[PDB]
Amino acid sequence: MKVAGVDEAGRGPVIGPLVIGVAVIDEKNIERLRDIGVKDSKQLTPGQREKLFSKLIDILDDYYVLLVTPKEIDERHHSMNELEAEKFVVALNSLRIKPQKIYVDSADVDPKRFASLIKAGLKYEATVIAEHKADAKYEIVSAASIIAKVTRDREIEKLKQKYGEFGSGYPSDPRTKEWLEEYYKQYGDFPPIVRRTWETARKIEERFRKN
């Protein structure tokens, strides 16, 4: 049967979109993912990882990427956990090759609940297997993780060419903190790439209010 994996990249940064990645393959060809070594991608330079990405795409029966913008994140009526689960559903419902078994990494949320959330949102019937650290346990989920990370890094590099060197985009990054402070000071607000709801951004805003 056809199986799918889903994972995301960019959950914690203040800069950039949240990327949902989906990978689809026939259970009979999982051997191929093991052979290319999808489980050891994080220990490779984005150079090798890009080559891994390219090999991945030719092997998978199908793959899908969904970019969730910072504006979408900031206007959410629920928590980030609920938001990631609904976007997992959006991407899964867009597949052209539907799977009967779906594996996902539940991250910090209870597995049974995260899985029920996705099963309830799916427009087609399938078994959803949610597990912590599924990205290390299941090849197809590791595959989805690579898709999401490579896609996200590509978008990041593209954004820096337009907005400049803003660091990693994470709140703890000194360069990121300075870039956001300088931007707000020069323009009086933030560009669309910033998640205004992130504490780091919100605080710079307040300080700007004469302080």
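One rule holds for the numbers: they count along the sequence shown, beginning at 1.
Relative to one another, 105 to 113 and 135 to 143 have unequal mean CA B-factors, and 105 to 113 is the one with the higher figure.
If you average the C-alpha B-factors over 17 to 25 and over 184 to 192, the higher value belongs to 184 to 192. The PDB entry assigns the greatest CA B-factor among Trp179, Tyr170, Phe53, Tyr63 to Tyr170.
Among the modelled residues of the chain, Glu84 sits in the middle third by CA temperature factor in this PDB entry. When the modelled residues of the chain are ordered by C-alpha B-factor, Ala126 sits in the middle third.
Sorting the modelled residues of the chain by their CA temperature factor places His78 in the middle third. In this PDB entry, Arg49 carries a Cα temperature factor that places it within the highest third of its chain's modelled residues. Residue-level temperature factors show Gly37 in the middle third of its chain, judged at the C-alpha atom.
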